[PDB]
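Presented as structure tokens, the chain that follows is alone, the form deposited in one PDB entry.
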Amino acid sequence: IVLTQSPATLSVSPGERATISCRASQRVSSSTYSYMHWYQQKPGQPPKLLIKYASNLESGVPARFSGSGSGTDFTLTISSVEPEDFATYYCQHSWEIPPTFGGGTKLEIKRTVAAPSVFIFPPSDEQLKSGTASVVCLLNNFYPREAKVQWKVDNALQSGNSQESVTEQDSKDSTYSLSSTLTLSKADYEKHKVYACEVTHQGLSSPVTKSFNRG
């Protein structure tokens, strides 16, 4: 049995209703029960059972979750989406062996625009003893995801020695954070004075620069 979930991604504003669907390639209902179950997987965590047998909420699961359907077509509804609902949702049948899973639906939350708060960290003395200097620029709690970070050393635009990582949406406030790390040799680090991170984001009317002066 093949389970087809739709949509692949669902973007909703906070508090709006979310409905995702799962279609089985054949009927998974008896007279008394339907053998479809729904799981929620939040980032970094194992899947968690939310709804068993199409519509029975698992213990502890909040009341805004419900499920419905019979035969081939099943739906999971969140009546009012909260930040904690950010997750991938998977359906699974138990009609027969083998059980199979749907492909998942990723639920995204379109919260209000928020500019990043920007912070910069020089290399630790502990790291400098090792011969390398990492400089870290943090863009915290912003929305939406699109952001540009550029590194300047003594006012010169850097290319080719930084790496970025972005978090998934935060489970409490739906924002992103981003880190940009500039990696230099200690010798090169010690040859320059001003280290700056320049941040562009749509929540800001001009780029924001955070900097420090070595020594």
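Residue positions are given as counts along the sequence shown, with the first one as 1.
When 135 to 143 is weighed against 99 to 107, 99 to 107 comes out higher, by mean CA B-factor as recorded in the entry. Per the PDB record, of the two stretches 74 to 82 and 109 to 117, 74 to 82 carries the greater mean B-factor over its C-alpha atoms. Looking at 168, 173, 164, 58, the one whose CA carries the top B-factor in the deposited record is 58. Highest CA B-factor among 149, 49, 63, 153, as stated in the entry: 63.
Among all modelled residues in this chain, the alpha-carbon of residue 36 has a temperature factor (C-alpha) in the middle third. Among all modelled residues in its chain, residue 207 ranks in the middle third by Cα B-factor.
Ranked by Cα temperature factor within the chain, residue 197 sits in the lowest third according to the deposited record. Residue 29: CA B factor in the highest third of modelled residues in this chain (values from the PDB entry).
Among all modelled residues in this chain, the alpha-carbon of residue 187 has a temperature factor (C-alpha) in the highest third.
The form deposited in another entry exists for this protein as well; it is not shown, and the discussion that follows is about that form.
Among 42, 108, 56, 185, the residue lying at the hinge where one rigid part turns against the other between this form and the one not shown is 108. Look at residue 201 and residue 82: in that other deposited form their Cα atoms move 3 Å or more farther apart than in this form.
The gap between the Cα atoms of residue 6 and residue 145 is smaller in that other deposited form, by no less than 3 Å, than in this form.
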